Every structure is written in structure tokens, then in C-alpha cells.
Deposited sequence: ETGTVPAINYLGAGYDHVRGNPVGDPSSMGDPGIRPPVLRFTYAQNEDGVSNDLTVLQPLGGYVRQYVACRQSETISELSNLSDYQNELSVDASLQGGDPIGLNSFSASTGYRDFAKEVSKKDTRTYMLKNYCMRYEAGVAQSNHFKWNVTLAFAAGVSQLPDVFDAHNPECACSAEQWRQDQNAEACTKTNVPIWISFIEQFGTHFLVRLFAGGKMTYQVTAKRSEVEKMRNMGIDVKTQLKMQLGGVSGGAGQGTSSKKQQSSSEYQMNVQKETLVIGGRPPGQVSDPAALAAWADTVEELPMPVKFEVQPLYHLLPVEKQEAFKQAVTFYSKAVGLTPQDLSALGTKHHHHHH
């Protein structure tokens, strides 16, 4: 329907569970690979007989659990996480940091996957016109790899338009990344996904444990006084994310407009010339250092 294979991905700004202003992962960037229901040359696309459904529930005790649950829907090829402060710039990451810093509450996350098709690539690929046209503008050397450097991660985050950074080539590299991301999708399951972030008081969870009913089972069956945030992937935006009819309608608009809900990616330096590969790796390290949040 819509080509998402080979699209760029910003793993710093990515968020494979959603964003209130975007109907897809905010890290998804325009397609980088050029290609030829109908199978492309060098890859494969398989359709599903139904909306393949799957549910997963997990308690998110800290930002590591949140980032790990996110890593299941956006990892490197082979299940291994991307790392390097993944998703640390996404809005849904700071919101969860704020909600978990309270530390008097337990947060759970439920995921309903409604996957409709699967796409992937085999083992040396054509790239789009704009991608090669932007790579041609890239130097062979990343300046900020030199630790003595006017432009640093903290300097770039404070003022990127400062003369210290404008003298270096760093703003060039960042622009490229800001346009194309840090990775590209080599495999993807597209369709729809509904994720609930549940925020409950520890007193009520103690009450549930006293009653004997399982907290996770009660949360799955219910979707017992909680705060609910709803994140949506795929289909058309519902003007009120918290309505039963909004759910019922978006679930059917998913088929019309599916979007990647669980994908495996590959670093972009595999697509760059060998001379620029190490410089680009340094550049993406600098990018994760400057935009990501280590403290």
C-alpha cells in the first residue's frame, strides 16, 4: 500500500509506541532505498489473511523497562537493541520519565498488535536520488571526533547556531541526520497498534493483591481506579483518543492505512562510502550524545 521498507529511522527521536502528534513512530524518516501483492526486486512482502492480533502486558518500574519494551518494536536486525540512548528525545519518553519520577505509583503497559502485512529485505542496494545527493555533500571527516573542538555535544545543544559550531562541519552532518535519521528499516510488520499506559496507586495494587485477583489479568480484562494514557499507531487520527467509538472506528481505519508496528533496522553507515563510514559513526555518536538524555 505505502512503502515503508528502507525508510530512515532516528533512533534518538524514535518512539515505536506512538506520539500524540504523529500517527507513526516519530523516528521514521523518508525512504532511503529505491525499489522496483507485487514483490519488489531484492526483498519480499507478505500479506496476512486477517489482522494478526497479539497482546503483551508488562510493568514498567523505571525508564530501563520502558526503553526495553520500546526496543521490542524497534531493535536491530536480530532482536538486539539499538542502544545509544534510544528514544531518549521522544515526547513519550520524557512524559514517562515525569510520570515515573513520582515513584509513589506503578505504571503498566499493555500492547494490542493488529498486524496486517510483513516486509523485508535479503542480503548492496540502490539508494534514492536525494539520499545519494545528500551523501555527496558529506565530508570524509567528522570534526567533533576531535575532543578539543569548538563544537561539542553540550555546546551544540546549548547553541547550535553559535560561531563555534558553524565553523566546524558538524551542522552539515546533523542536517543530514535530521533529514534522514541514523538507521534504516530492513524488516517491518505494519498494521495497527494500541498501547495503554496505566498509572495506579500502590495502595490500590496492594488492595488487589489482598483480594487475590491478578493485577495484570485485571488490567487486561478491564481494558481498579487508574489513570490511562492511550497511544495509537496506524490508521487515521481520532479527535479524542479516549472514547469507545474512537477505538471502534480507528480499529477499522487501520486496514485502510497500515503503518509499521514492529520493525528491525540497520545502521546507515552500511550505505555510505567506506571513507565516510567511520566519520558518520562518530557523527551519530555525537548526535545521540547531544540530543539524547544521559542524565
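Several segments of the deposited sequence have no coordinates for C-alpha: 1 to 6, 43 to 55, 143 to 146, 247 to 269, 342 to 356, numbered from the first residue.
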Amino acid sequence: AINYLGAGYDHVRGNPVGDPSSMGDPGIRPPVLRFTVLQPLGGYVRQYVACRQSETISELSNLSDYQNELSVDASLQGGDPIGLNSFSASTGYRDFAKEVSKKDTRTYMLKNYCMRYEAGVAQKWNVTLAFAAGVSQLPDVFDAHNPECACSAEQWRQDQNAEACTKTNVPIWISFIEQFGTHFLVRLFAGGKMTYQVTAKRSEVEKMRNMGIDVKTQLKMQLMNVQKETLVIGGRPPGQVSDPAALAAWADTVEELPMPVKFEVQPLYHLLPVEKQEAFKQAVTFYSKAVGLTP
From here on, numbers count along this sequence of modelled residues.
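Higher mean CA B-factor, judged across 188 to 196 and 205 to 213 from the recorded values: 205 to 213. Remark: stretch with higher mean C-alpha B factor among 109 to 117 and 93 to 101 is 93 to 101. For the set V127, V141, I82, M224, the PDB entry assigns the largest Cα B-factor to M224. The PDB entry assigns its highest CA temperature factor, among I28, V241, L70, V254, to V241. When the CA B factors of the chain's modelled residues are split into thirds, the value for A150 lands in the highest one.
Annotation for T36: C-alpha temperature factor in the highest third relative to the rest of the modelled chain, per the entry. Per-chain ranking of the deposited C-alpha B factor places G42 in the highest third.
Among all modelled residues in its chain, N169 ranks in the middle third by Cα B-factor. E278 sits in the middle third of its chain by CA B factor, as recorded in the PDB entry.
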